[PDB]
Amino acid sequence: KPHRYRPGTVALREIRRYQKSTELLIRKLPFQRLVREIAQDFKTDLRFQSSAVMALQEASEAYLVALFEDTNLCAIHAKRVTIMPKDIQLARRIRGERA
Amino acid sequence: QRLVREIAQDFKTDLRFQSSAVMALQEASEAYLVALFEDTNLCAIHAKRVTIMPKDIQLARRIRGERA
Amino acid sequence: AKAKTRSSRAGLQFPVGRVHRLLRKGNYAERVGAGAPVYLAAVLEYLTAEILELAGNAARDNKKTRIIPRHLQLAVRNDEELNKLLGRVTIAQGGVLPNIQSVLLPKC
Amino acid sequence: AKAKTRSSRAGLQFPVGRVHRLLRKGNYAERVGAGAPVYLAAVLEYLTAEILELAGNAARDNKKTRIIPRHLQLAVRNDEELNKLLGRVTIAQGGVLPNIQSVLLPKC
Amino acid sequence: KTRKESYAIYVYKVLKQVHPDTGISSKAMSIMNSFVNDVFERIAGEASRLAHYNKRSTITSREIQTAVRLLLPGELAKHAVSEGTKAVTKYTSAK
Amino acid sequence: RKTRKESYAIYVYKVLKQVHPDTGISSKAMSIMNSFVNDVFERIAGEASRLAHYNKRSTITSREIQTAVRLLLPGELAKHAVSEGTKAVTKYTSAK
Amino acid sequence: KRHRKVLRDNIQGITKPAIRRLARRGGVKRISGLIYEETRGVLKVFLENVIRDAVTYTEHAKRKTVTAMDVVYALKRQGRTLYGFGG
Amino acid sequence: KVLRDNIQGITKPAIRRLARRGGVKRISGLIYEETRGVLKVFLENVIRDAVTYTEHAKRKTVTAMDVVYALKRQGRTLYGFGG
C-alpha cells in the first residue's frame with residue numbers, strides 16, 4: 001500500500017543535498033574519543049586543545065571524500081556501478097601511498 | 001636534439017644548447033614515460049583486459065592529478 | 001618631516017611597510033633590494049582582488065550579501081586558472097562542487 | 001699549538017669542518033649551535049653506509065668488482081624502507097626493477 | 001596586551017574597491033588572512049634560491065619577476081607582471 | 001689551472017673501504033653519491049630551519065635536527081640514526 | 001577522577017551510516033557491504049601519520065597540550081595544506 | 001625526406017620498446033598519438049622553466065644544471081648531473 005521509491009532513486013537525492021551542504025558528517029563525540037585513543041600510544045595523558053580536534057575532522061573528511069570520488073571513476077572505468085575494496089587499493093596504489 | 005631545438009625556438013630564439021644538458025631530457029622524460037606506462041597496465045588489468053588503450057592513459061593521468 | 005605611506009607613494013592598498021620587514025626577518029636572503037617589496041606588494045593586490053570579486057559576485061548571485069567559505073570555494077574551483085595555484089589546499093567547510101557522473105544518471 | 005680535525009675528534013670520517021660552514025652560508029638560521037653539525041655529519045655517514053652495503057651485495061651477484069649505478073638503483077629499490085626516502089627520485093641510467101605482472105605470464 | 005598582527009583591514013579595503021556593498025563573514029576573512037600568507041613564502045621561496053643560484057647576494061624586483069612566471073601559471077603572470085611593472089615605475093616616479 | 005671544485009669524492013671513497021675493502025667504485029656513479037648526499041643535506045637543513053622559526057629560537061642546535069631526523073626518515077632508520085648522533089656527540093663532548 | 005582513559009573499540013565510533021553519508025558526498029550511487037572495514041583501517045592508517053609528527057612538534061616545544069597550530073603544520077609537511085585555522 | 005615536425009621523429013618502434021621496459025605486453029595502435037601529445041606536453045613545462053633560468057642569468061646557452069633545477073620543481077629530482 002505505501003509508496004516505495006525505486007532502488008537508487010532515494011540515493012541520488014542525498015547526493016544533491018550533501019554537495020550543496022557544507023557541514024561535517026562524522027558524529028562529533030566519538031571522533032574526539034578516537035583521536036585520544038590512538039594518540040595515547042605516542043604519549044601518555046596528553047591534553048587535546050579544544051579547537052585542534054575539529055581540524056583533524058575537517059582534513060579527514062576532505063581527505064576521505066577525495067578517495068571515494070577517485071575510486072568512483074575506476075569503477076566506471078571497470079564498467080561497474082558499485083565500488084569494492086579492490087578499487088581503493090588501486091587508487092591508493094596509483095597515487096603512491098599504499099605502495 | 002632536433003626536437004628540443006625545434007620546441008625551444010618557440011619560447012626564445014638562438015639557444016645554443018650545451019651538449020651535457022641534452023641527454024638529461026631523454027632520461028627525465030624516459031623515466032617519466034616509463035613510470036607513466038607501468039601504472040597504465042594496472043588500470044588496464046583492472047578492467048580485465050590485457051591491451052592498453054588511450055582512455056586508460058587519460059584515466060591514469062587523472063588519478064595522479066596531472067590531467068587537470 | 002611630513003612622512004607618507006610607501007603604499008600611498010605607489011598608490012597601493014597593501015602595506016609596503018610590513019612586508020619588507022618580513023624579508024629581513026625571513027632569512028630568505030642576506031640583503032634585500034629596494035624595488036622588490038614594492039613589486040611583491042603589487043601582485044598580491046591583484047591576486048586577492050581577483051578571487052574576492054568572483055566570490056562576492058557569486059554570493060550576490062545566490063541572493064546573499066555576506067561572504068562565507070562555501071561561496072569562497074565555488075570561485076576557486078570554477079576557475080581553472082586559479083585552480084592550478086590552489087589545487088593542493090582545501091578550505092575549511094569548503095564543500096564539494098555540485099557534480100554527478102553521467103553514467104550514474106537514471107537509465108531513462 | 002697543534003691542530004686536530006674535528007672529524008677525528010668525533011671518530012667520524014665525513015667533513016664536519018666543511019659541512020659546518022655550509023649551514024653558516026645556508027641562511028637556514030643566523031646562529032648555529034656548535035653541537036648541531038657534529039650530530040648532522042654523523043647522520044649522513046650512517047645513511048651513506050646503509051646503501052652501499054646493499055649495493056655491495058648486488059655487485060657480488062654480478063661478480064663485478066667495480067660498483068655501478070645499475071647496482072645502486074637495484075639496491076635502493078628492493079629495500080621497501082629505504083624506498084620511501086627516495087620515492088620521487090630517478091637515478092641516471094638506473095633501469096626499472098625486474099618485475100612482470102603474473103597475469104602476463106602463461107597460464108601454465 | 002597580546003598584540004597579534006594580520007592583514008584583515010587590507011583585505012577589507014580592497015574588497016570595497018571592487019565591491020563597496022557586499023559583506024563578508026569572519027570565517028572567510030581568516031582564510032584570506034591565511035591565504036595571503038600562504039603565497040607569500042612560496043614566492044619568497046623561489047626568490048630566495050635564485051639569489052644563491054646566480055650567486056647573487058641580494059634580492060631585487062628582477063629576481064621576483066622571473067619567480068612570478070615560475071609560480072603563477074597562465075595569464076595572471078603577464079597580468080600581474082604588468083601590474084608590478086606599472087606599480088614600480090609609479091613609485092620610482094614618486095621616489 | 002684554477003677554479004678548484006668542491007665535492008665529497010674523497011669522503012665517500014674512504015667509507016667504502018670499511019664496508020667492502022675489495023669493491024671498486026665507478027666514476028660516474030660517484031657523481032650520484034656526490035648528488036644524493038647533497039640532496040639530503042638541504043632537505044634536512046630547510047626542515048630544521050622552519051622549526052626554529054616556528055618556535056622563534058634564533059638558533060639551530062642538536063635538539064632541532066634530532067627531532068628533524070625523526071621526521072624525514074620513515075620509521076626504523078631513525079633510532080639507529082638518532083643513536084648514531086647521540087654516541088657521536090658523546091665522544092665529541094668527552095674530548096671537546 | 002584522575003586516572004585511566006577510554007582506550008577501546010573507538011575505531012567503531014565511526015558508525016556505518018557515517019561513512020555512508022560521507023560517500024554520498026563523493027557521489028557514489030551504490031556501495032557493497034564489504035568496503036566498511038577497509039576505510040576504517042585506511043582512515044586510521046592516514047591518521048596516526050598525522051598525529052605522530054604532530055606529537056613530535058609538541059614535545060620539542062615541551063608542551064603537554066596539542067595546539068591546532070601544530071596540526072596544520074604537519075598537514076603542510078604531508079602536503080595537504082588547510083585554510084582557516086592559522087597563518 | 002626528413003623535413004617535418006620532429007615529433008614524428010619519435011619512431012613508433014621506439015615507443016614499442018619503452019612499453020616493454022614498463023612491462024606492457026599488448027599495445028593498441030591508437031596509443032602512439034597521445035603518447036606523442038602527452039610527451040609533447042611534458043617538454044613544454046620543463047623547458048619553459050629551463051629557458052627562464054638561462055635568460056635570467058642573461059646566458060644564451062642552456063646548461064645542464066638549469067635542467068635539474070626545473071626538474072626539481074616538478075617534484076622529480078635528478079641524481080647524477082650536478083648539485
# chains A, B, ... in the order shown; residues from 1 in each chain; ligands from 1
$ select_by_dssp --residues "chain D" --states "strand (DSSP E)" --output "JSON, numbers by chain"
{"D": [31, 32, 66, 67, 89, 90, 91]}
$ write_last_selection --atoms "N, CA and C atoms" --output "mmCIF file, in the first residue's frame"
data_model
loop_
_atom_site.group_PDB
_atom_site.id
_atom_site.type_symbol
_atom_site.label_atom_id
_atom_site.label_comp_id
_atom_site.auth_asym_id
_atom_site.auth_seq_id
_atom_site.Cartn_x
_atom_site.Cartn_y
_atom_site.Cartn_z
ATOM 1 N N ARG D 31 72.299 31.825 13.742
ATOM 2 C CA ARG D 31 73.275 31.254 14.659
ATOM 3 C C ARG D 31 73.090 29.747 14.706
ATOM 4 N N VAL D 32 74.196 29.010 14.675
ATOM 5 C CA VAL D 32 74.164 27.555 14.742
ATOM 6 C C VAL D 32 74.870 27.109 16.011
ATOM 7 N N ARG D 66 83.898 -3.547 -9.625
ATOM 8 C CA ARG D 66 83.628 -2.118 -9.671
ATOM 9 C C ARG D 66 82.144 -1.910 -9.402
ATOM 10 N N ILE D 67 81.817 -0.950 -8.537
ATOM 11 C CA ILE D 67 80.415 -0.678 -8.245
ATOM 12 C C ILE D 67 79.835 0.196 -9.349
ATOM 13 N N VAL D 89 62.660 10.114 -6.659
ATOM 14 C CA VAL D 89 63.963 10.365 -7.261
ATOM 15 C C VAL D 89 64.186 9.334 -8.354
ATOM 16 N N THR D 90 64.761 9.767 -9.471
ATOM 17 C CA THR D 90 65.103 8.879 -10.572
ATOM 18 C C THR D 90 66.605 8.933 -10.815
ATOM 19 N N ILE D 91 67.228 7.762 -10.886
ATOM 20 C CA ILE D 91 68.676 7.638 -10.999
ATOM 21 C C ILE D 91 69.042 7.603 -12.473
#
$ residues_around --residues "stretch 14-29 of chain B" --least-positions-apart "2" --cutoff "7 Å" --atoms "only C-alpha atoms" --output "list in words"
residues 12, 31, 32 and 33 of chain B; 92 of chain D; 60, 61, 62, 63, 64 and 67 of chain H
$ closest_atom_pairs --of "chain D" --to "chain F" --cutoff "9 Å" --atoms "only C-alpha atoms" --output "JSON lines"
{"residue": "D:6", "atom": "CA", "partner": "F:92", "partner_atom": "CA", "distance": 8.2}
{"residue": "D:9", "atom": "CA", "partner": "F:92", "partner_atom": "CA", "distance": 5.8}
{"residue": "D:10", "atom": "CA", "partner": "F:92", "partner_atom": "CA", "distance": 4.6}
{"residue": "D:11", "atom": "CA", "partner": "F:88", "partner_atom": "CA", "distance": 7.5}
{"residue": "D:12", "atom": "CA", "partner": "F:88", "partner_atom": "CA", "distance": 7.8}
{"residue": "D:13", "atom": "CA", "partner": "F:11", "partner_atom": "CA", "distance": 6.7}
{"residue": "D:14", "atom": "CA", "partner": "F:11", "partner_atom": "CA", "distance": 5.9}
{"residue": "D:15", "atom": "CA", "partner": "F:11", "partner_atom": "CA", "distance": 7.5}
{"residue": "D:23", "atom": "CA", "partner": "F:45", "partner_atom": "CA", "distance": 7.5}
{"residue": "D:26", "atom": "CA", "partner": "F:45", "partner_atom": "CA", "distance": 8.3}
{"residue": "D:27", "atom": "CA", "partner": "F:49", "partner_atom": "CA", "distance": 8.7}
{"residue": "D:28", "atom": "CA", "partner": "F:49", "partner_atom": "CA", "distance": 5.0}
{"residue": "D:29", "atom": "CA", "partner": "F:59", "partner_atom": "CA", "distance": 6.1}
{"residue": "D:30", "atom": "CA", "partner": "F:59", "partner_atom": "CA", "distance": 6.6}
{"residue": "D:31", "atom": "CA", "partner": "F:59", "partner_atom": "CA", "distance": 4.8}
{"residue": "D:32", "atom": "CA", "partner": "F:60", "partner_atom": "CA", "distance": 5.1}
{"residue": "D:33", "atom": "CA", "partner": "F:61", "partner_atom": "CA", "distance": 4.5}
{"residue": "D:34", "atom": "CA", "partner": "F:61", "partner_atom": "CA", "distance": 7.2}
{"residue": "D:35", "atom": "CA", "partner": "F:62", "partner_atom": "CA", "distance": 5.6}
{"residue": "D:36", "atom": "CA", "partner": "F:62", "partner_atom": "CA", "distance": 4.0}
{"residue": "D:37", "atom": "CA", "partner": "F:62", "partner_atom": "CA", "distance": 7.6}
{"residue": "D:38", "atom": "CA", "partner": "F:89", "partner_atom": "CA", "distance": 6.7}
{"residue": "D:39", "atom": "CA", "partner": "F:85", "partner_atom": "CA", "distance": 4.7}
{"residue": "D:40", "atom": "CA", "partner": "F:85", "partner_atom": "CA", "distance": 7.2}
{"residue": "D:41", "atom": "CA", "partner": "F:85", "partner_atom": "CA", "distance": 8.3}
{"residue": "D:42", "atom": "CA", "partner": "F:85", "partner_atom": "CA", "distance": 5.5}
{"residue": "D:43", "atom": "CA", "partner": "F:81", "partner_atom": "CA", "distance": 5.7}
{"residue": "D:44", "atom": "CA", "partner": "F:37", "partner_atom": "CA", "distance": 7.3}
{"residue": "D:45", "atom": "CA", "partner": "F:15", "partner_atom": "CA", "distance": 8.1}
{"residue": "D:46", "atom": "CA", "partner": "F:81", "partner_atom": "CA", "distance": 6.6}
{"residue": "D:47", "atom": "CA", "partner": "F:81", "partner_atom": "CA", "distance": 7.8}
{"residue": "D:48", "atom": "CA", "partner": "F:37", "partner_atom": "CA", "distance": 7.5}
{"residue": "D:49", "atom": "CA", "partner": "F:15", "partner_atom": "CA", "distance": 7.3}
{"residue": "D:52", "atom": "CA", "partner": "F:16", "partner_atom": "CA", "distance": 7.5}
{"residue": "D:53", "atom": "CA", "partner": "F:19", "partner_atom": "CA", "distance": 6.6}
{"residue": "D:56", "atom": "CA", "partner": "F:20", "partner_atom": "CA", "distance": 6.8}
{"residue": "D:59", "atom": "CA", "partner": "F:23", "partner_atom": "CA", "distance": 8.2}
{"residue": "D:64", "atom": "CA", "partner": "F:23", "partner_atom": "CA", "distance": 8.4}
{"residue": "D:65", "atom": "CA", "partner": "F:23", "partner_atom": "CA", "distance": 5.0}
{"residue": "D:66", "atom": "CA", "partner": "F:24", "partner_atom": "CA", "distance": 4.0}
{"residue": "D:67", "atom": "CA", "partner": "F:25", "partner_atom": "CA", "distance": 4.6}
{"residue": "D:68", "atom": "CA", "partner": "F:26", "partner_atom": "CA", "distance": 5.8}
{"residue": "D:69", "atom": "CA", "partner": "F:29", "partner_atom": "CA", "distance": 5.4}
{"residue": "D:72", "atom": "CA", "partner": "F:29", "partner_atom": "CA", "distance": 8.3}
{"residue": "D:81", "atom": "CA", "partner": "F:74", "partner_atom": "CA", "distance": 7.1}
{"residue": "D:82", "atom": "CA", "partner": "F:74", "partner_atom": "CA", "distance": 8.1}
{"residue": "D:84", "atom": "CA", "partner": "F:74", "partner_atom": "CA", "distance": 6.9}
{"residue": "D:85", "atom": "CA", "partner": "F:73", "partner_atom": "CA", "distance": 6.6}
{"residue": "D:91", "atom": "CA", "partner": "F:32", "partner_atom": "CA", "distance": 7.8}
{"residue": "D:92", "atom": "CA", "partner": "F:32", "partner_atom": "CA", "distance": 8.2}
$ select_by_dssp --residues "chain D" --states "alpha helix (DSSP H)" --output "count of residues only"
59
$ atom_distance --atom1 "atom CA of residue G:43" --atom2 "atom CA of residue B:63"
19.1 Å
$ residues_around --residues "residue G:84" --least-positions-apart "5" --cutoff "8 Å" --atoms "only C-alpha atoms" --output "MDAnalysis selection string"
(chainID C and resid 91:92) or (chainID E and resid 27:28 30:31 34)
$ write_last_selection --atoms "N, CA, C and O atoms" --output "PDB file, in the first residue's frame"
ATOM      1  N   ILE C  91      39.887  24.111   1.786  1.00  0.00           N
ATOM      2  CA  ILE C  91      39.450  25.178   2.679  1.00  0.00           C
ATOM      3  C   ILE C  91      38.442  24.615   3.668  1.00  0.00           C
ATOM      4  O   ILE C  91      37.596  23.789   3.306  1.00  0.00           O
ATOM      5  N   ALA C  92      38.532  25.069   4.917  1.00  0.00           N
ATOM      6  CA  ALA C  92      37.638  24.588   5.961  1.00  0.00           C
ATOM      7  C   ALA C  92      36.186  24.871   5.602  1.00  0.00           C
ATOM      8  O   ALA C  92      35.844  25.964   5.144  1.00  0.00           O
TER       9      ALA C  92
ATOM     10  N   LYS E  27      34.783  34.025   9.361  1.00  0.00           N
ATOM     11  CA  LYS E  27      35.461  32.787   8.998  1.00  0.00           C
ATOM     12  C   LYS E  27      36.196  32.934   7.675  1.00  0.00           C
ATOM     13  O   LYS E  27      37.403  32.680   7.591  1.00  0.00           O
ATOM     14  N   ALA E  28      35.490  33.376   6.632  1.00  0.00           N
ATOM     15  CA  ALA E  28      36.137  33.549   5.340  1.00  0.00           C
ATOM     16  C   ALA E  28      37.246  34.586   5.409  1.00  0.00           C
ATOM     17  O   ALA E  28      38.207  34.517   4.638  1.00  0.00           O
ATOM     18  N   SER E  30      39.433  34.932   7.803  1.00  0.00           N
ATOM     19  CA  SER E  30      40.636  34.230   8.239  1.00  0.00           C
ATOM     20  C   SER E  30      41.305  33.505   7.080  1.00  0.00           C
ATOM     21  O   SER E  30      42.537  33.421   7.019  1.00  0.00           O
ATOM     22  N   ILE E  31      40.509  32.987   6.145  1.00  0.00           N
ATOM     23  CA  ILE E  31      41.070  32.219   5.037  1.00  0.00           C
ATOM     24  C   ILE E  31      41.999  33.092   4.206  1.00  0.00           C
ATOM     25  O   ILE E  31      43.140  32.716   3.921  1.00  0.00           O
ATOM     26  N   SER E  34      44.854  33.675   6.144  1.00  0.00           N
ATOM     27  CA  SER E  34      45.702  32.515   5.912  1.00  0.00           C
ATOM     28  C   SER E  34      46.289  32.531   4.507  1.00  0.00           C
ATOM     29  O   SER E  34      47.504  32.378   4.330  1.00  0.00           O
TER      30      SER E  34
END
$ atom_distance --atom1 "atom CA of residue E:25" --atom2 "atom CA of residue C:71"
10.8 Å
$ interface_residues --of "chain E" --to "chain F" --cutoff "12 Å" --atoms "only C-alpha atoms" --output "JSON, numbers by chain"
{"E": [41, 45, 49]}
$ atom_distance --atom1 "atom CA of residue B:44" --atom2 "atom CA of residue A:83"
17.1 Å
$ interface_residues --of "chain B" --to "chain C" --cutoff "12 Å" --atoms "only C-alpha atoms" --output "list in words"
residues 65, 66, 67 and 68 of chain B
$ write_last_selection --atoms "N, CA and C atoms" --output "short mmCIF file (atom, residue, chain, number, x, y, z; two decimals), in the first residue's frame"
data_model
loop_
_atom_site.label_atom_id
_atom_site.label_comp_id
_atom_site.auth_asym_id
_atom_site.auth_seq_id
_atom_site.Cartn_x
_atom_site.Cartn_y
_atom_site.Cartn_z
N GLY B 65 46.40 13.32 -10.73
CA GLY B 65 46.06 14.72 -10.64
C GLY B 65 46.59 15.57 -11.77
N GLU B 66 47.54 15.06 -12.55
CA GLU B 66 48.16 15.87 -13.58
C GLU B 66 47.23 16.15 -14.75
N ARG B 67 46.20 15.33 -14.96
CA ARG B 67 45.31 15.55 -16.09
C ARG B 67 44.65 16.92 -16.01
N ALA B 68 44.16 17.28 -14.82
CA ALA B 68 43.55 18.58 -14.62
C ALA B 68 44.59 19.66 -14.88
#
$ residues_around --residues "stretch 6-10 of chain G" --least-positions-apart "3" --cutoff "12 Å" --atoms "only C-alpha atoms" --output "ChimeraX atom specification"
/A:29-41,44-45 /G:3,13-15,40,44
$ interface_residues --of "chain D" --to "chain H" --cutoff "12 Å" --atoms "only C-alpha atoms" --output "number ranges by chain"
D: 69, 72-73, 86-106
$ interface_residues --of "chain E" --to "chain C" --cutoff "7 Å" --atoms "only C-alpha atoms" --output "MDAnalysis selection string"
chainID E and resid 10 14:15 18 22:25 27:28 44 48 57:61 64 72 74 80 83:84 87:88 90:91 94
$ write_last_selection --atoms "N, CA, C and O atoms" --output "compact mmCIF listing (two decimals), in the first residue's frame"
# COMPACT_ATOMS: atom_id res chain seq x y z
N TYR E 10 43.40 45.32 5.37
CA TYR E 10 43.76 45.45 3.96
C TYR E 10 42.84 44.62 3.09
O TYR E 10 42.40 45.07 2.03
N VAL E 14 40.47 46.52 -0.02
CA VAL E 14 40.37 46.21 -1.44
C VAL E 14 38.99 45.69 -1.78
O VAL E 14 38.48 45.92 -2.88
N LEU E 15 38.37 44.96 -0.85
CA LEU E 15 37.02 44.46 -1.08
C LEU E 15 36.09 45.59 -1.48
O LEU E 15 35.31 45.47 -2.44
N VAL E 18 36.41 47.00 -5.09
CA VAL E 18 35.74 46.28 -6.16
C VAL E 18 34.26 46.17 -5.84
O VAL E 18 33.41 46.29 -6.72
N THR E 22 28.93 44.54 -0.56
CA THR E 22 28.73 43.19 -0.05
C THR E 22 29.54 42.96 1.22
O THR E 22 30.65 43.49 1.37
N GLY E 23 28.99 42.15 2.13
CA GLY E 23 29.64 41.84 3.38
C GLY E 23 30.35 40.50 3.34
O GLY E 23 30.20 39.72 2.41
N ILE E 24 31.16 40.26 4.37
CA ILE E 24 31.97 39.05 4.49
C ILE E 24 31.86 38.53 5.92
O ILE E 24 31.72 39.32 6.86
N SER E 25 31.90 37.21 6.07
CA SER E 25 31.89 36.62 7.40
C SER E 25 33.30 36.49 7.95
O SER E 25 34.28 36.40 7.20
N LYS E 27 34.78 34.02 9.36
CA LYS E 27 35.46 32.79 9.00
C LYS E 27 36.20 32.93 7.67
O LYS E 27 37.40 32.68 7.59
N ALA E 28 35.49 33.38 6.63
CA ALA E 28 36.14 33.55 5.34
C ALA E 28 37.25 34.59 5.41
O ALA E 28 38.21 34.52 4.64
N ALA E 44 58.41 33.97 -2.02
CA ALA E 44 59.65 34.25 -1.32
C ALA E 44 60.61 33.07 -1.39
O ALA E 44 61.83 33.26 -1.36
N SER E 48 64.27 33.38 -3.02
CA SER E 48 65.48 33.19 -2.23
C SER E 48 66.49 32.34 -2.98
O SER E 48 67.64 32.74 -3.16
N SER E 57 73.86 38.03 -4.02
CA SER E 57 73.71 38.16 -2.58
C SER E 57 72.55 39.06 -2.18
O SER E 57 72.35 39.29 -0.98
N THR E 58 71.78 39.57 -3.14
CA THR E 58 70.69 40.48 -2.84
C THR E 58 69.46 40.10 -3.66
O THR E 58 69.58 39.63 -4.79
N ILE E 59 68.29 40.31 -3.07
CA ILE E 59 67.04 40.05 -3.77
C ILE E 59 66.48 41.36 -4.31
O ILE E 59 66.43 42.38 -3.61
N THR E 60 66.12 41.36 -5.59
CA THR E 60 65.61 42.55 -6.25
C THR E 60 64.37 42.18 -7.04
O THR E 60 64.01 41.01 -7.18
N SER E 61 63.71 43.21 -7.59
CA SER E 61 62.47 43.00 -8.33
C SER E 61 62.69 42.14 -9.57
O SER E 61 61.84 41.32 -9.92
N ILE E 64 62.36 38.82 -8.54
CA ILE E 64 60.97 38.49 -8.25
C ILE E 64 60.24 38.16 -9.55
O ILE E 64 59.50 37.17 -9.63
N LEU E 72 53.07 31.35 -10.64
CA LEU E 72 51.75 31.55 -11.19
C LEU E 72 51.70 31.14 -12.66
O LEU E 72 52.53 31.59 -13.45
N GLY E 74 49.57 30.57 -16.46
CA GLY E 74 48.55 31.20 -17.26
C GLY E 74 48.73 32.70 -17.37
O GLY E 74 49.84 33.25 -17.30
N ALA E 80 49.66 40.26 -13.74
CA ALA E 80 50.29 40.80 -12.54
C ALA E 80 51.63 41.44 -12.85
O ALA E 80 51.97 42.46 -12.24
N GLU E 83 50.99 44.73 -13.79
CA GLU E 83 50.70 45.46 -12.57
C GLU E 83 51.98 45.82 -11.83
O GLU E 83 52.19 46.97 -11.46
N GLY E 84 52.86 44.83 -11.64
CA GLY E 84 54.09 45.09 -10.93
C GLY E 84 54.96 46.10 -11.65
O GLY E 84 55.48 47.04 -11.04
N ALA E 87 53.36 49.28 -11.14
CA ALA E 87 53.46 49.74 -9.76
C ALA E 87 54.82 50.35 -9.47
O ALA E 87 54.91 51.44 -8.90
N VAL E 88 55.89 49.67 -9.87
CA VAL E 88 57.22 50.13 -9.50
C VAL E 88 57.52 51.47 -10.17
O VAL E 88 58.00 52.40 -9.51
N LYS E 90 55.54 53.72 -11.05
CA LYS E 90 54.80 54.74 -10.33
C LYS E 90 55.54 55.18 -9.07
O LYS E 90 55.65 56.37 -8.79
N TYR E 91 56.05 54.22 -8.30
CA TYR E 91 56.77 54.57 -7.08
C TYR E 91 58.07 55.28 -7.41
O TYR E 91 58.42 56.28 -6.78
N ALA E 94 57.58 58.71 -7.98
CA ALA E 94 57.40 59.47 -6.75
C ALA E 94 58.36 58.99 -5.67
O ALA E 94 58.04 58.99 -4.48
$ interface_residues --of "chain A" --to "chain C" --cutoff "10 Å" --atoms "only C-alpha atoms" --output "JSON list (two decimals) with N, CA and C atoms, in the first residue's frame"
[["chain", "number", "residue", "atom", "x", "y", "z"],
["A", 8, "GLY", "N", 18.02, 3.15, -5.56],
["A", 8, "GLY", "CA", 18.84, 4.24, -6.01],
["A", 8, "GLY", "C", 18.11, 5.55, -6.22],
["A", 9, "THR", "N", 16.78, 5.52, -6.36],
["A", 9, "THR", "CA", 16.03, 6.75, -6.53],
["A", 9, "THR", "C", 16.22, 7.66, -5.32],
["A", 12, "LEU", "N", 20.30, 9.12, -4.97],
["A", 12, "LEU", "CA", 20.77, 10.28, -5.72],
["A", 12, "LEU", "C", 20.35, 11.57, -5.04],
["A", 15, "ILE", "N", 22.90, 12.76, -2.59],
["A", 15, "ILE", "CA", 24.00, 13.31, -3.37],
["A", 15, "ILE", "C", 23.79, 14.80, -3.56],
["A", 16, "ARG", "N", 22.67, 15.16, -4.19],
["A", 16, "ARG", "CA", 22.38, 16.56, -4.45],
["A", 16, "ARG", "C", 22.39, 17.37, -3.17],
["A", 17, "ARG", "N", 21.77, 16.83, -2.12],
["A", 17, "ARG", "CA", 21.68, 17.56, -0.86],
["A", 17, "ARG", "C", 23.06, 17.80, -0.27],
["A", 18, "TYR", "N", 23.86, 16.74, -0.14],
["A", 18, "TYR", "CA", 25.09, 16.86, 0.63],
["A", 18, "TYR", "C", 26.12, 17.73, -0.07],
["A", 19, "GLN", "N", 26.26, 17.62, -1.39],
["A", 19, "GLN", "CA", 27.19, 18.50, -2.07],
["A", 19, "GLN", "C", 26.79, 19.96, -1.95],
["A", 20, "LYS", "N", 25.49, 20.25, -1.92],
["A", 20, "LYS", "CA", 25.06, 21.61, -1.65],
["A", 20, "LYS", "C", 25.47, 22.04, -0.25],
["A", 21, "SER", "N", 25.31, 21.15, 0.72],
["A", 21, "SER", "CA", 25.61, 21.45, 2.11],
["A", 21, "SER", "C", 27.12, 21.44, 2.34],
["A", 22, "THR", "N", 27.55, 22.04, 3.45],
["A", 22, "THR", "CA", 28.98, 22.17, 3.72],
["A", 22, "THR", "C", 29.34, 21.95, 5.19],
["A", 23, "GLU", "N", 28.54, 21.18, 5.91],
["A", 23, "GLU", "CA", 28.83, 20.89, 7.30],
["A", 23, "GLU", "C", 29.49, 19.52, 7.44],
["A", 24, "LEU", "N", 29.98, 19.25, 8.65],
["A", 24, "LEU", "CA", 30.63, 17.98, 8.93],
["A", 24, "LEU", "C", 29.61, 16.85, 8.94],
["A", 55, "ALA", "N", 39.83, 20.35, 13.50],
["A", 55, "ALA", "CA", 40.71, 20.47, 12.35],
["A", 55, "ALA", "C", 41.05, 19.10, 11.79],
["A", 58, "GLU", "N", 38.08, 18.03, 9.95],
["A", 58, "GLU", "CA", 37.88, 18.68, 8.67],
["A", 58, "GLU", "C", 38.79, 18.09, 7.60],
["A", 59, "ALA", "N", 40.08, 17.94, 7.91],
["A", 59, "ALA", "CA", 41.01, 17.38, 6.93],
["A", 59, "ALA", "C", 40.64, 15.94, 6.60],
["A", 62, "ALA", "N", 37.81, 15.75, 4.22],
["A", 62, "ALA", "CA", 38.31, 16.22, 2.94],
["A", 62, "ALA", "C", 39.21, 15.18, 2.30],
["A", 63, "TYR", "N", 40.14, 14.62, 3.07],
["A", 63, "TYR", "CA", 40.98, 13.56, 2.55],
["A", 63, "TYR", "C", 40.15, 12.34, 2.18],
["A", 65, "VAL", "N", 36.87, 12.17, 1.32],
["A", 65, "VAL", "CA", 36.00, 12.39, 0.17],
["A", 65, "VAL", "C", 36.79, 12.25, -1.12],
["A", 66, "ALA", "N", 38.00, 12.81, -1.14],
["A", 66, "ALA", "CA", 38.85, 12.71, -2.32],
["A", 66, "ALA", "C", 39.08, 11.26, -2.71],
["A", 69, "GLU", "N", 35.67, 9.71, -4.52],
["A", 69, "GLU", "CA", 35.45, 10.25, -5.86],
["A", 69, "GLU", "C", 36.45, 9.66, -6.84],
["A", 72, "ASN", "N", 35.65, 6.18, -7.38],
["A", 72, "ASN", "CA", 34.43, 6.09, -8.17],
["A", 72, "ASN", "C", 34.76, 5.92, -9.65],
["A", 73, "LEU", "N", 35.70, 6.71, -10.16],
["A", 73, "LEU", "CA", 35.95, 6.74, -11.59],
["A", 73, "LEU", "C", 36.37, 5.37, -12.11],
["A", 76, "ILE", "N", 33.61, 3.01, -12.80],
["A", 76, "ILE", "CA", 33.04, 3.28, -14.11],
["A", 76, "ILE", "C", 33.99, 2.79, -15.19],
["A", 79, "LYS", "N", 33.40, -0.44, -15.85],
["A", 79, "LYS", "CA", 32.03, -0.64, -16.28],
["A", 79, "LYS", "C", 31.12, -1.09, -15.14],
["A", 80, "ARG", "N", 31.46, -0.75, -13.91],
["A", 80, "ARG", "CA", 30.67, -1.12, -12.75],
["A", 80, "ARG", "C", 30.00, 0.11, -12.15],
["A", 81, "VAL", "N", 29.05, -0.15, -11.26],
["A", 81, "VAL", "CA", 28.35, 0.90, -10.53],
["A", 81, "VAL", "C", 28.73, 0.89, -9.06]]
$ interface_residues --of "chain E" --to "chain G" --cutoff "12 Å" --atoms "only C-alpha atoms" --output "PyMOL selection string"
chain E and resi 4-7+26-41
